[PDB]
Amino acid sequence: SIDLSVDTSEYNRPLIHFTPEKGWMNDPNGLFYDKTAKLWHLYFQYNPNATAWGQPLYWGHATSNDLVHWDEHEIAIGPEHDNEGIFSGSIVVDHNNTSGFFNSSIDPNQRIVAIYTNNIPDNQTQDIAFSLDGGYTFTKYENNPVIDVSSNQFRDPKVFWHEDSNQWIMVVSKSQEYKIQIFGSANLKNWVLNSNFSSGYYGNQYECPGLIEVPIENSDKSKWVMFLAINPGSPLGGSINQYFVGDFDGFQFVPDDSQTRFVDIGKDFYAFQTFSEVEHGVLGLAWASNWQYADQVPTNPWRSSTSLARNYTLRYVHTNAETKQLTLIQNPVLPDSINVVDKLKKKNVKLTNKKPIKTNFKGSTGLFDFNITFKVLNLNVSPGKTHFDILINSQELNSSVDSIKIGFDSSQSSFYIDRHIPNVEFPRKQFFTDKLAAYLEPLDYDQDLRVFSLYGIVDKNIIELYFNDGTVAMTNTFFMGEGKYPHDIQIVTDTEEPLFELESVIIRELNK
Amino acid sequence: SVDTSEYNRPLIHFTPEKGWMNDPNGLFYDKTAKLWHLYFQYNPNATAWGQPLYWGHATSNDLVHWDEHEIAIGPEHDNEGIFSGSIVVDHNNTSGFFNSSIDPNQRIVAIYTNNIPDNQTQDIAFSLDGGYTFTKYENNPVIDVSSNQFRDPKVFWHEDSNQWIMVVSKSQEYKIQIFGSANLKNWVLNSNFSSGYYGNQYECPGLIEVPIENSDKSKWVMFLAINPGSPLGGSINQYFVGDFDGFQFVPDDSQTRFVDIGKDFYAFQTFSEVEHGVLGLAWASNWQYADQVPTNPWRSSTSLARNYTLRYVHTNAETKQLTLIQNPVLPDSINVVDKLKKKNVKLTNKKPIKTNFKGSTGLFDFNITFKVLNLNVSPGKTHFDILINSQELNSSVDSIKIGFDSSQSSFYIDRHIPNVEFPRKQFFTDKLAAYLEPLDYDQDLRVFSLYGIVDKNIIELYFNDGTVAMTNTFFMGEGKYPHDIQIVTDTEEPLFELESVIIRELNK
Ligand SMILES: *[C@@H]1O[C@H](CO)[C@@H](O)[C@H](O)[C@H]1NC(C)=O
Ligand SMILES: *[C@@H]1O[C@H](CO)[C@@H](O)[C@H](O)[C@H]1NC(C)=O
Ligand SMILES: *[C@@H]1O[C@H](CO)[C@@H](O)[C@H](O)[C@H]1NC(C)=O
Ligand SMILES: *[C@@H]1O[C@H](CO)[C@@H](O)[C@H](O)[C@H]1NC(C)=O
Ligand SMILES: *[C@@H]1O[C@H](CO)[C@@H](O)[C@H](O)[C@H]1NC(C)=O
Ligand SMILES: *[C@@H]1O[C@H](CO)[C@@H](O)[C@H](O)[C@H]1NC(C)=O
Ligand SMILES: *[C@@H]1O[C@H](CO)[C@@H](O)[C@H](O)[C@H]1NC(C)=O
Ligand SMILES: *[C@@H]1O[C@H](CO)[C@@H](O)[C@H](O)[C@H]1NC(C)=O
C-alpha cells in the first residue's frame, strides 16, 4: 500500500529476470522451446488488473531467444467468466498429431498443445487448448475438461512424452490429499490413472509437480527426478520446492531413497517448472517470491519476477566427510554475450582487514555478479570476527547507505545471507526472514586445506547464490530504500592475518 | 568473573552451576526413590565443549526443581570423553550385577558411547547406589564396529520379542542401527533404518511406543537428531510414525516432520521407567552458536519436560494426520506470584491488555484461546501480537515478540534484540515459522489456542493443544530480564476475540 502512479522500476525492476510491464505474476506456465522459430516461451499466472493475486486470472506470455531478454505479448489464455481463472499448466509439442489438430502445414515441433487447470467455483479440472500460430493465440478443446475428478483441489498438470511406455504422461497433484497423481494417454484427450505418489515434506498442500529425466554429470547414465512444490507448509517459511531421485517406467515413480531435499533453500523459489523440447540437458525456472509476503513487497506497477533459467544435472557430492550422495546440481544460464560494463579480477589474494576488495566502477547498472574460489588457511582466530563477508552496497543517497550481506564462516563451514535493510517496512514482514542457511563441505581439498566456491548474481531486487559448483542454490529478494539500488561490492574481513585466500575473484558490472 | 544469573539464568529449566552442557543423557525415573534423574554431556572446566567430557548429574521430584550432584561417569584420559547414552533398569538381573539386595527398579545400568581418538564404541556401566556412582564393565566395549563415527545409544526392554533393543546411529552413513540382546553385554544387529532429512549426520536416535489420544491404540515413534544439516539452521530433531516388531521399524508413511520448529531443540531423549505416558526433554540450544551466547559462568539449559501423545489433526482443511503432540509438564503447585484472567475480550488498539504485577520473577506464562472474527482490515497492521518487555533500565526497553497473522493462519516469533552482539549471530535467526489450521470452528469462525512460557533466556511455544512446539533462546541486554507482558493490535475494530486470557508470573 504505497501506490499513486509512482513507478519504482528505476531502482527496483530487475534487468535480466523477467518481469511483467504491469500487474501481478506468480507460477511460471507452459514453458517450451520452439525449434523452428529458435525461441523460448514463458507463460505465467497473470492478473493484469491489480498488483496482487486476481480473480479473473490469465496466462501471460513472453518470448526470448537467449533467456535474458524478453518480449511481452498479449494474453495467451483467458477464462470464460470473471468468476475465476486459468490456473497453472504446461505445454507439449505434439509432433505426430496424436491429438488431431493439424490444418496440414502446421509445422511439426510447432504443433503446440497447452494442458492447464481450469478453476471454476467449487471445481478444478484439467483442460487442454491448442495453438496454430506458434503459441500466441489458443483454441480450447470442445470436450473440456479432459480430466474431472469432482474435486475442489486438483491442479497444476505437467505433461511430457515418454517412449518405451509409448504414452503421454501427466504429472498432476491432488493438493490436499498429498498425492502426486500420474496419468497416461496416447491422446492428450483421454486419460488413465496409473499411480499415486506421496513422500517428502507435506506441509499444507502439494502443488506444481514435475517429472523429468536428468543426466548424471560424467556418465551416459541418468535418473528420473520428481519435483514437488508445497505451500504454506515450508519448514523455512511459506512456500518452497522439493525433489526426489529415482526410477520411472511410465507407470509408477520409485525413488532411490526416502529422504527429503529442497531444490533451493532461499525463501523465494517456488512453483518450479521445466522447459519442453530442450535437446540435451534439463532447463527450468521458478516464481521468485514467497507466498506469505509476495503481494506486499514495495514494487510498482508490477509485482514478482521469474528466476534466471537454470541447467540441471545430477552429481555425486560429499554431504559429509565420508559419504557422497547423488545430488541435484543447478547452475544459472547467462548467454555470455551479455554486456560486461566493466570488471575486477584478482588472483590468490590473501584477504585481510588491511586490504579489502572494493569495486571502483563509475556508474551503476543495478545488476552485478561475483564468482569466487577460496581456501581456508591454517590460522587461529578468535571465535567471532565474522569470517569473511561480501557486502553489496547502494549509492549513498539520503545520508545513509543500504546494503545486504553474503558471507561464509569457516568454523561452521556454512554460507549465509543477511538481507535486513533498515527503515524499509511493508505488510507481513515477520515472515520476511533476513538471515539464512547453507552448510556445505569443501568443493575440494588442495593440500589438506579446504576449498570452496561461490557464484552470486544480484539483479535489482533479487539475489541468486550458487554454492560450490551449484551443489546448493539460494534465491532471495531484497528491498532497499526508495531510490536506492546496488552500486558497488566489497569483500571484507576482521582477521589481522589472512585466514581466507581467494584463489580467484571476478566481480562484474553487467547490463541488458 | 561477571555472573549473569540474576537476569540470564532460567529458574525452572535445568542449568549446571558452572561449565558447559549439551545432550541430555541417561534419563530415568526411580520408582522406590520417587525421583527423576537427569544426566548430560558435561565439561566443567570451560564454558564451551570440552575435551575431557563427563556425564553430569541432577535429580528432581517434580521436574522443575533440580539438585546438582557429583560427576556420574568420567573418561580414562583427558584424551577424550563419555559421549551420549541412556539408562535402563534391569529389574530381572539379565546383566548379572546384583549384590542380592540391590532393589529391583533401582537395578541401574548405563549404556553410553566411549569416545577415544579414532574410535567410538558402545560401553556399559552399572550403579549400585541409586545412580550416583558407576562401575564400568570389565569387557567394554559391548559393541565395536571399528568406527570413528558411531554413537548415542538409546536402549529399552521390548516384550513379545523378549529382548533388549538398542537404537544407536552410524552417523555419517545415515543409518539408525537397531541391535538386540538378552544380555546388555552381547549384541546382534537386527536392521538399518534410513529416512527423513539427512543433513550432515544422524545423531541421538530414539524409539518408543506412544499412545493415540482417545483410543487404547498406540504407535511406535522413531526420534532422530541431525546436525549441522537442519533446513532451519544448525541442529534439529525429527520423527517417524509407524510399527515395530523388535527387529525392523516400519513407518506408516515416508514424510519428514520435525519435533520442534524452533531453532533451539536438539538431542531429544525420552525418560525410562515412566508408567502410563511418554516423557522427554532436549538440549535447549543450537550447535551453530551455543558456545557464544552471553551467559556466565554456565552455558546451556535443558528444555521443560514434555508429555508426548499422538493425535489426528487437520494439516489442511480436508485431511487430518496422526501427528506428534507435545505439552509441557509443570507440577501445578508451582508458585503463582500473581496473575491476570480475562474472558471474551474483543481486542482493539484502544483496549491493550497489560500486566501490572509489581516486581518480577524472570519467569512468566501466557495461555490464550482466540477467535478470528469477520472483519475487513488493511493487509498490514500486524494481526495481534503478544510483547514480552524488560525493565526500563538504561533508557531503553528490550522486548521479544510473539504474534499471529490471521491472513497467513500462522504464529510467529521475533527474538531480535538491539545492541546485543555475540560471535556467530548470522546463524541466530530472529524470525520464525509456524502454520497451523484452526484448533476448532465455533460457528464458521476459526478458533486457535496458544500456550507460551518464558523463563529468563528461553521461550517455549505450544500452538493449538501442543500440535506444534517452538523452542527458542533469547538474550536481552546486560541486566535486563522480562518484567511485563502486553497483548496489542493495530486494528480499530475487533478482529480477534480472546475467549480466554491467562497471564501468570511464576516462581521456583
Ligand atoms: C482484467 O484485465 C483485462 C485486461 O486484459 C480486461 O479486459 C478486463 O476487463 C479486466 N477485468 C476486471 C474485472 O478488471
Ligand atoms: C513420429 O514422427 C517422427 C517424424 O516426425 C517419426 O520419426 C516417428 O517414427 C513417428 N512415430 C510414430 C509412432 O508415428
Ligand atoms: C489414487 O488416489 C485416489 C485419491 O482419492 C484413490 O481413490 C485411488 O484409490 C488411488 N489409486 C491407486 C492405484 O493407488
Ligand atoms: C546445459 O548443460 C549441458 C552440459 O552440461 C549442455 O549440453 C547444454 O548445452 C546446456 N544447455 C543450455 C541451454 O545451456
Ligand atoms: C565462475 O568462474 C569459473 C572460472 O574459474 C567458471 O568455471 C564458471 O563457469 C563460473 N561459474 C558460473 C556459475 O558462471
Ligand atoms: C547394516 O549396516 C551396515 C553398514 O554400516 C552394513 O555393513 C550391513 O550390511 C547392514 N546390514 C543389514 C542387515 O542391513
Ligand atoms: C502424561 O499424559 C498421560 C496421558 O497420555 C497421563 O496418563 C500421564 O499421567 C501424564 N503424565 C505426566 C507426568 O504428566
Ligand atoms: C491452558 O488453559 C486451558 C484452560 O482454558 C487448559 O485446558 C490447559 O490445561 C492450559 N494448558 C497448559 C499447557 O497450561
# chains A, B, ... in the order shown; residues from 1 in each chain; ligands from 1

$ interface_residues --of "chain A" --to "chain B" --cutoff "9 Å" --atoms "only C-alpha atoms" --output "number ranges by chain"
A: 1, 176-178, 198-205, 232-238, 257-262, 265, 292, 296, 319-323, 383-386, 409, 411-412, 416-418, 426-440

$ write_last_selection --atoms "C-alpha atoms" --output "PDB file, in the first residue's frame"
ATOM      1  CA  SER A   1       0.000   0.000   0.000  1.00  0.00           C
ATOM      2  CA  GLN A 176      -4.904 -31.664  -0.043  1.00  0.00           C
ATOM      3  CA  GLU A 177      -4.662 -35.453  -0.325  1.00  0.00           C
ATOM      4  CA  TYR A 178      -0.853 -35.131  -0.524  1.00  0.00           C
ATOM      5  CA  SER A 198       3.308 -39.432  -1.578  1.00  0.00           C
ATOM      6  CA  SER A 199       6.573 -38.579   0.183  1.00  0.00           C
ATOM      7  CA  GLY A 200       8.874 -35.767   1.413  1.00  0.00           C
ATOM      8  CA  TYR A 201       7.771 -32.634   3.288  1.00  0.00           C
ATOM      9  CA  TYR A 202       3.947 -32.496   3.288  1.00  0.00           C
ATOM     10  CA  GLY A 203       3.257 -29.005   4.659  1.00  0.00           C
ATOM     11  CA  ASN A 204      -0.244 -27.766   3.791  1.00  0.00           C
ATOM     12  CA  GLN A 205      -0.729 -28.901   0.142  1.00  0.00           C
ATOM     13  CA  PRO A 232       2.167 -22.898   3.071  1.00  0.00           C
ATOM     14  CA  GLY A 233       3.967 -25.725   4.927  1.00  0.00           C
ATOM     15  CA  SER A 234       7.617 -24.799   4.168  1.00  0.00           C
ATOM     16  CA  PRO A 235       9.894 -25.509   7.139  1.00  0.00           C
ATOM     17  CA  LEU A 236      11.674 -22.271   6.134  1.00  0.00           C
ATOM     18  CA  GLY A 237       8.556 -20.103   5.933  1.00  0.00           C
ATOM     19  CA  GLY A 238       5.781 -20.050   3.379  1.00  0.00           C
ATOM     20  CA  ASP A 257      15.690 -43.385  -1.093  1.00  0.00           C
ATOM     21  CA  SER A 258      13.085 -41.809   1.173  1.00  0.00           C
ATOM     22  CA  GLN A 259      14.963 -38.606   2.075  1.00  0.00           C
ATOM     23  CA  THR A 260      13.628 -35.054   1.785  1.00  0.00           C
ATOM     24  CA  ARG A 261      15.675 -32.473  -0.140  1.00  0.00           C
ATOM     25  CA  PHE A 262      14.806 -28.949  -1.266  1.00  0.00           C
ATOM     26  CA  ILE A 265      16.973 -23.139   0.267  1.00  0.00           C
ATOM     27  CA  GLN A 292       3.480 -15.134   2.642  1.00  0.00           C
ATOM     28  CA  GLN A 296       3.158  -6.617  -0.160  1.00  0.00           C
ATOM     29  CA  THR A 319      27.205 -34.431   2.143  1.00  0.00           C
ATOM     30  CA  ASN A 320      29.627 -35.243   4.950  1.00  0.00           C
ATOM     31  CA  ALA A 321      33.368 -36.076   5.053  1.00  0.00           C
ATOM     32  CA  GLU A 322      32.727 -39.779   4.481  1.00  0.00           C
ATOM     33  CA  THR A 323      29.732 -40.199   2.192  1.00  0.00           C
ATOM     34  CA  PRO A 383      35.654 -17.290  17.775  1.00  0.00           C
ATOM     35  CA  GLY A 384      33.813 -14.266  16.420  1.00  0.00           C
ATOM     36  CA  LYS A 385      35.111 -11.746  13.961  1.00  0.00           C
ATOM     37  CA  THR A 386      32.646 -12.675  11.118  1.00  0.00           C
ATOM     38  CA  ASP A 409      32.008 -18.812   8.347  1.00  0.00           C
ATOM     39  CA  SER A 411      34.152 -22.685  11.815  1.00  0.00           C
ATOM     40  CA  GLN A 412      30.624 -23.514  10.708  1.00  0.00           C
ATOM     41  CA  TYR A 416      24.935 -17.170   4.879  1.00  0.00           C
ATOM     42  CA  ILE A 417      22.915 -14.153   3.796  1.00  0.00           C
ATOM     43  CA  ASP A 418      21.555 -11.170   5.728  1.00  0.00           C
ATOM     44  CA  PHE A 426       5.835  -3.386   4.466  1.00  0.00           C
ATOM     45  CA  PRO A 427       2.810  -5.527   5.441  1.00  0.00           C
ATOM     46  CA  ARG A 428       3.697  -9.043   6.613  1.00  0.00           C
ATOM     47  CA  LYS A 429       7.404  -8.649   7.370  1.00  0.00           C
ATOM     48  CA  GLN A 430       7.628 -11.122  10.306  1.00  0.00           C
ATOM     49  CA  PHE A 431       7.684 -13.733   7.605  1.00  0.00           C
ATOM     50  CA  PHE A 432      10.427 -11.908   5.671  1.00  0.00           C
ATOM     51  CA  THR A 433      13.348 -13.846   7.139  1.00  0.00           C
ATOM     52  CA  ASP A 434      16.635 -11.858   6.761  1.00  0.00           C
ATOM     53  CA  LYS A 435      19.217 -14.493   7.901  1.00  0.00           C
ATOM     54  CA  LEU A 436      19.638 -17.807   6.058  1.00  0.00           C
ATOM     55  CA  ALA A 437      21.036 -21.262   5.839  1.00  0.00           C
ATOM     56  CA  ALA A 438      23.626 -23.151   3.771  1.00  0.00           C
ATOM     57  CA  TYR A 439      26.034 -25.835   5.164  1.00  0.00           C
ATOM     58  CA  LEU A 440      28.383 -27.382   2.563  1.00  0.00           C
TER      59      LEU A 440
END

$ select_by_dssp --residues "stretch 4-174 of chain A" --states "alpha helix (DSSP H)" --output "ChimeraX atom specification"
/A:9-12

$ write_last_selection --atoms "N, CA, C and O atoms" --output "PDB file, in the first residue's frame"
ATOM      1  N   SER A   9      10.554   1.187 -10.929  1.00  0.00           N
ATOM      2  CA  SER A   9      11.412   0.440 -11.858  1.00  0.00           C
ATOM      3  C   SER A   9      12.876   0.859 -11.839  1.00  0.00           C
ATOM      4  O   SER A   9      13.765   0.019 -11.866  1.00  0.00           O
ATOM      5  N   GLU A  10      13.109   2.166 -11.788  1.00  0.00           N
ATOM      6  CA  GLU A  10      14.447   2.753 -11.836  1.00  0.00           C
ATOM      7  C   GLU A  10      15.441   2.118 -10.862  1.00  0.00           C
ATOM      8  O   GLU A  10      16.626   1.993 -11.168  1.00  0.00           O
ATOM      9  N   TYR A  11      14.948   1.710  -9.696  1.00  0.00           N
ATOM     10  CA  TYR A  11      15.801   1.164  -8.647  1.00  0.00           C
ATOM     11  C   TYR A  11      15.384  -0.244  -8.194  1.00  0.00           C
ATOM     12  O   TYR A  11      16.155  -0.930  -7.529  1.00  0.00           O
ATOM     13  N   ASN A  12      14.179  -0.667  -8.576  1.00  0.00           N
ATOM     14  CA  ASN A  12      13.603  -1.952  -8.149  1.00  0.00           C
ATOM     15  C   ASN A  12      13.537  -3.030  -9.217  1.00  0.00           C
ATOM     16  O   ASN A  12      13.702  -4.211  -8.909  1.00  0.00           O
TER      17      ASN A  12
END

$ closest_atom_pairs --of "chain A" --to "ligand 5" --cutoff "12 Å" --atoms "only C-alpha atoms and all ligand atoms" --output "Markdown table"
| residue | atom | partner | partner_atom_place_in_ligand_line | distance |
| --- | --- | --- | --- | --- |
| A:308 | CA | ligand 5 | 13 (C) | 11.7 |
| A:309 | CA | ligand 5 | 13 (C) | 12.0 |
| A:310 | CA | ligand 5 | 13 (C) | 9.9 |
| A:311 | CA | ligand 5 | 13 (C) | 10.1 |
| A:329 | CA | ligand 5 | 13 (C) | 11.2 |
| A:330 | CA | ligand 5 | 13 (C) | 9.1 |
| A:331 | CA | ligand 5 | 13 (C) | 5.6 |
| A:332 | CA | ligand 5 | 13 (C) | 6.0 |
| A:333 | CA | ligand 5 | 14 (O) | 8.0 |
| A:334 | CA | ligand 5 | 14 (O) | 7.8 |
| A:335 | CA | ligand 5 | 14 (O) | 10.3 |
| A:336 | CA | ligand 5 | 14 (O) | 9.2 |
| A:345 | CA | ligand 5 | 2 (O) | 10.9 |
| A:346 | CA | ligand 5 | 5 (O) | 11.6 |
| A:347 | CA | ligand 5 | 5 (O) | 10.7 |
| A:369 | CA | ligand 5 | 14 (O) | 8.7 |
| A:370 | CA | ligand 5 | 1 (C) | 8.2 |
| A:371 | CA | ligand 5 | 1 (C) | 5.1 |
| A:372 | CA | ligand 5 | 1 (C) | 7.1 |
| A:373 | CA | ligand 5 | 5 (O) | 7.4 |
| A:374 | CA | ligand 5 | 5 (O) | 11.0 |
| A:452 | CA | ligand 5 | 5 (O) | 11.9 |
| A:453 | CA | ligand 5 | 1 (C) | 8.5 |
| A:454 | CA | ligand 5 | 1 (C) | 8.0 |
| A:455 | CA | ligand 5 | 13 (C) | 5.6 |
| A:456 | CA | ligand 5 | 13 (C) | 7.9 |
| A:457 | CA | ligand 5 | 13 (C) | 9.2 |
| A:464 | CA | ligand 5 | 13 (C) | 10.5 |
| A:465 | CA | ligand 5 | 13 (C) | 9.3 |
| A:466 | CA | ligand 5 | 13 (C) | 7.1 |
| A:467 | CA | ligand 5 | 13 (C) | 9.2 |
| A:468 | CA | ligand 5 | 13 (C) | 9.2 |
| A:469 | CA | ligand 5 | 13 (C) | 6.9 |
| A:470 | CA | ligand 5 | 13 (C) | 7.3 |
| A:471 | CA | ligand 5 | 13 (C) | 11.0 |
| A:472 | CA | ligand 5 | 13 (C) | 11.8 |
| A:473 | CA | ligand 5 | 13 (C) | 10.9 |
| A:502 | CA | ligand 5 | 5 (O) | 11.6 |
| A:503 | CA | ligand 5 | 5 (O) | 9.3 |
| A:504 | CA | ligand 5 | 5 (O) | 6.9 |
| A:505 | CA | ligand 5 | 2 (O) | 8.6 |
| A:506 | CA | ligand 5 | 2 (O) | 7.6 |
| A:507 | CA | ligand 5 | 1 (C) | 10.2 |
| A:508 | CA | ligand 5 | 14 (O) | 11.1 |

$ residues_near_ligand --ligand "ligand 3" --cutoff "10 Å" --atoms "only C-alpha atoms and all ligand atoms" --output "PyMOL selection string"
chain A and resi 149+151+174+177-182+193-197+252

$ residues_near_ligand --ligand "ligand 1" --cutoff "7 Å" --atoms "only C-alpha atoms and all ligand atoms" --output "PDB file with C-alpha atoms, in the first residue's frame"
ATOM      1  CA  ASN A  47      -3.572 -10.741 -13.201  1.00  0.00           C
ATOM      2  CA  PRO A  48      -3.208  -7.523 -15.215  1.00  0.00           C
ATOM      3  CA  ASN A  49      -5.862  -5.593 -13.289  1.00  0.00           C
ATOM      4  CA  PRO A  56     -10.107 -13.212 -13.356  1.00  0.00           C
ATOM      5  CA  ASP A  82     -14.527 -13.059 -14.276  1.00  0.00           C
TER       6      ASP A  82
END

$ residues_near_ligand --ligand "ligand 4" --cutoff "8 Å" --atoms "only C-alpha atoms and all ligand atoms" --output "PyMOL selection string"
chain A and resi 217+278+280-283+311-313+333

$ closest_atom_pairs --of "chain B" --to "ligand 6" --cutoff "8 Å" --atoms "only C-alpha atoms and all ligand atoms" --output "Markdown table"
| residue | atom | partner | partner_atom_place_in_ligand_line | distance |
| --- | --- | --- | --- | --- |
| B:170 | CA | ligand 6 | 5 (O) | 6.6 |
| B:173 | CA | ligand 6 | 5 (O) | 6.6 |
| B:175 | CA | ligand 6 | 2 (O) | 7.1 |
| B:177 | CA | ligand 6 | 1 (C) | 6.9 |
| B:189 | CA | ligand 6 | 13 (C) | 6.9 |
| B:190 | CA | ligand 6 | 13 (C) | 6.2 |
| B:191 | CA | ligand 6 | 13 (C) | 5.0 |
| B:192 | CA | ligand 6 | 1 (C) | 5.0 |

$ write_last_selection --atoms "N, CA and C atoms" --output "compact mmCIF listing (two decimals), in the first residue's frame"
# COMPACT_ATOMS: atom_id res chain seq x y z
N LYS B 170 24.87 -44.91 13.22
CA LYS B 170 26.11 -44.82 12.46
C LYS B 170 26.09 -43.52 11.67
N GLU B 173 26.91 -42.54 7.90
CA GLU B 173 26.31 -43.47 6.95
C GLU B 173 24.80 -43.24 6.80
N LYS B 175 22.45 -44.04 8.93
CA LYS B 175 21.71 -45.23 9.37
C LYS B 175 21.46 -45.19 10.88
N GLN B 177 20.90 -47.71 13.50
CA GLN B 177 21.14 -49.14 13.61
C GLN B 177 20.40 -49.74 14.81
N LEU B 189 23.07 -57.26 15.42
CA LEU B 189 22.48 -56.28 14.51
C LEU B 189 21.23 -56.82 13.81
N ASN B 190 20.11 -56.15 14.03
CA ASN B 190 18.82 -56.62 13.53
C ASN B 190 18.39 -55.92 12.24
N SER B 191 18.55 -54.60 12.19
CA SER B 191 18.24 -53.84 10.97
C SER B 191 18.84 -52.44 10.93
N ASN B 192 18.75 -51.84 9.75
CA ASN B 192 19.23 -50.49 9.48
C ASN B 192 18.05 -49.64 9.02

$ residues_near_ligand --ligand "ligand 2" --cutoff "7 Å" --atoms "only C-alpha atoms and all ligand atoms" --output "PyMOL selection string"
chain A and resi 95-96+108

$ residues_near_ligand --ligand "ligand 7" --cutoff "12 Å" --atoms "only C-alpha atoms and all ligand atoms" --output "ChimeraX atom specification"
/B:29,36,61-64,209-218,271,273-280,304-311,324-332

$ write_last_selection --atoms "N, CA and C atoms" --output "tab-separated table (two decimals), in the first residue's frame"
chain	number	residue	atom	x	y	z
B	29	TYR	N	13.43	-42.65	35.59
B	29	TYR	CA	12.69	-42.45	36.82
B	29	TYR	C	13.05	-43.56	37.79
B	36	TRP	N	13.25	-38.33	39.65
B	36	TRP	CA	13.65	-38.19	38.25
B	36	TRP	C	15.15	-37.94	38.16
B	61	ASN	N	12.17	-34.21	42.01
B	61	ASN	CA	10.97	-34.95	42.39
B	61	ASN	C	9.71	-34.46	41.66
B	62	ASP	N	9.84	-33.38	40.90
B	62	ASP	CA	8.70	-32.76	40.24
B	62	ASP	C	8.99	-32.26	38.82
B	63	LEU	N	10.26	-32.37	38.40
B	63	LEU	CA	10.74	-31.96	37.06
B	63	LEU	C	10.88	-30.45	36.82
B	64	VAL	N	10.85	-29.65	37.89
B	64	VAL	CA	11.16	-28.21	37.82
B	64	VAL	C	12.13	-27.72	38.91
B	209	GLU	N	7.11	-46.40	22.26
B	209	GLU	CA	5.70	-46.59	21.96
B	209	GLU	C	4.87	-45.47	22.58
B	210	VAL	N	4.17	-44.73	21.72
B	210	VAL	CA	3.42	-43.53	22.10
B	210	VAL	C	1.91	-43.76	21.91
B	211	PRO	N	1.10	-43.44	22.93
B	211	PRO	CA	-0.36	-43.60	22.83
B	211	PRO	C	-1.06	-42.65	21.86
B	212	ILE	N	-2.14	-43.13	21.23
B	212	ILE	CA	-3.07	-42.28	20.49
B	212	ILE	C	-4.14	-41.76	21.46
B	213	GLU	N	-4.43	-40.46	21.38
B	213	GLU	CA	-5.08	-39.72	22.46
B	213	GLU	C	-6.36	-40.28	23.06
B	214	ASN	N	-7.31	-40.73	22.24
B	214	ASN	CA	-8.53	-41.25	22.85
B	214	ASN	C	-8.53	-42.75	23.01
B	215	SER	N	-8.14	-43.47	21.97
B	215	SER	CA	-8.13	-44.93	21.98
B	215	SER	C	-7.20	-45.58	23.02
B	216	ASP	N	-7.25	-46.91	23.04
B	216	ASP	CA	-6.28	-47.75	23.75
B	216	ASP	C	-5.17	-48.17	22.78
B	217	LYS	N	-5.27	-47.69	21.54
B	217	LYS	CA	-4.28	-47.93	20.49
B	217	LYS	C	-3.05	-47.02	20.66
B	218	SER	N	-1.95	-47.39	20.02
B	218	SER	CA	-0.72	-46.59	20.02
B	218	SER	C	0.10	-46.81	18.74
B	271	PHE	N	12.44	-40.38	28.77
B	271	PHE	CA	12.69	-40.90	30.12
B	271	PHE	C	12.35	-42.38	30.22
B	273	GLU	N	11.33	-45.85	32.48
B	273	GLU	CA	10.52	-46.26	33.64
B	273	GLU	C	9.35	-45.31	33.96
B	274	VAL	N	8.84	-44.65	32.92
B	274	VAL	CA	7.62	-43.87	33.04
B	274	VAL	C	6.44	-44.82	32.82
B	275	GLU	N	5.62	-45.01	33.85
B	275	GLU	CA	4.40	-45.80	33.71
B	275	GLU	C	3.25	-44.90	33.28
B	276	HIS	N	2.47	-45.39	32.31
B	276	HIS	CA	1.49	-44.62	31.52
B	276	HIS	C	1.93	-43.22	31.03
B	277	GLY	N	2.13	-43.11	29.72
B	277	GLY	CA	2.52	-41.86	29.07
B	277	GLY	C	3.97	-41.88	28.62
B	278	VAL	N	4.34	-40.93	27.76
B	278	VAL	CA	5.74	-40.78	27.31
B	278	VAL	C	6.27	-39.38	27.65
B	279	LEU	N	7.43	-39.34	28.29
B	279	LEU	CA	8.05	-38.10	28.74
B	279	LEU	C	9.48	-37.95	28.26
B	280	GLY	N	9.85	-36.73	27.88
B	280	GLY	CA	11.21	-36.43	27.43
B	280	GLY	C	11.54	-34.95	27.42
B	304	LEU	N	11.95	-27.74	29.18
B	304	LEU	CA	11.00	-28.34	30.12
B	304	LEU	C	10.72	-29.78	29.69
B	305	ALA	N	10.29	-30.61	30.63
B	305	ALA	CA	9.88	-31.97	30.30
B	305	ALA	C	8.55	-31.88	29.59
B	306	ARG	N	8.33	-32.78	28.63
B	306	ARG	CA	7.09	-32.74	27.86
B	306	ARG	C	6.40	-34.10	27.81
B	307	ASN	N	5.07	-34.07	27.85
B	307	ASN	CA	4.25	-35.27	27.74
B	307	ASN	C	3.90	-35.45	26.26
B	308	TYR	N	4.20	-36.62	25.71
B	308	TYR	CA	4.10	-36.86	24.27
B	308	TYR	C	2.98	-37.81	23.91
B	309	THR	N	2.05	-37.32	23.10
B	309	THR	CA	0.97	-38.17	22.58
B	309	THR	C	0.81	-38.03	21.07
B	310	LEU	N	0.00	-38.90	20.48
B	310	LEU	CA	-0.34	-38.83	19.07
B	310	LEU	C	-1.81	-38.48	18.90
B	311	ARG	N	-2.11	-37.61	17.94
B	311	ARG	CA	-3.47	-37.13	17.71
B	311	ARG	C	-3.71	-36.92	16.22
B	324	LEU	N	2.41	-35.97	16.08
B	324	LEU	CA	3.02	-35.94	17.40
B	324	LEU	C	2.60	-34.67	18.12
B	325	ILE	N	1.98	-34.86	19.28
B	325	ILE	CA	1.59	-33.77	20.16
B	325	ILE	C	2.53	-33.77	21.36
B	326	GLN	N	2.98	-32.58	21.75
B	326	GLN	CA	3.74	-32.41	23.00
B	326	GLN	C	3.22	-31.24	23.84
B	327	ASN	N	3.21	-31.44	25.16
B	327	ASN	CA	2.76	-30.42	26.10
B	327	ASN	C	3.66	-30.37	27.33
B	328	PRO	N	3.87	-29.17	27.89
B	328	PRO	CA	4.83	-29.02	28.99
B	328	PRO	C	4.31	-29.60	30.30
B	329	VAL	N	5.23	-30.01	31.17
B	329	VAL	CA	4.83	-30.65	32.43
B	329	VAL	C	4.29	-29.65	33.47
B	330	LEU	N	5.16	-28.94	34.19
B	330	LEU	CA	4.72	-28.02	35.27
B	330	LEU	C	3.83	-28.67	36.35
B	331	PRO	N	4.37	-28.87	37.56
B	331	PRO	CA	3.70	-29.54	38.67
B	331	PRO	C	2.30	-29.05	39.02
B	332	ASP	N	2.01	-27.78	38.76
B	332	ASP	CA	0.82	-27.09	39.31
B	332	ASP	C	0.73	-27.29	40.83

$ closest_residue --among "A:75, A:112, A:367, A:186" --to "residue A:463" --atoms "only C-alpha atoms"
A:367

$ residues_near_ligand --ligand "ligand 8" --cutoff "12 Å" --atoms "only C-alpha atoms and all ligand atoms" --output "PyMOL selection string"
chain B and resi 304-307+325-332+334+341-343+364-370+448-453+460-467+469+498-504
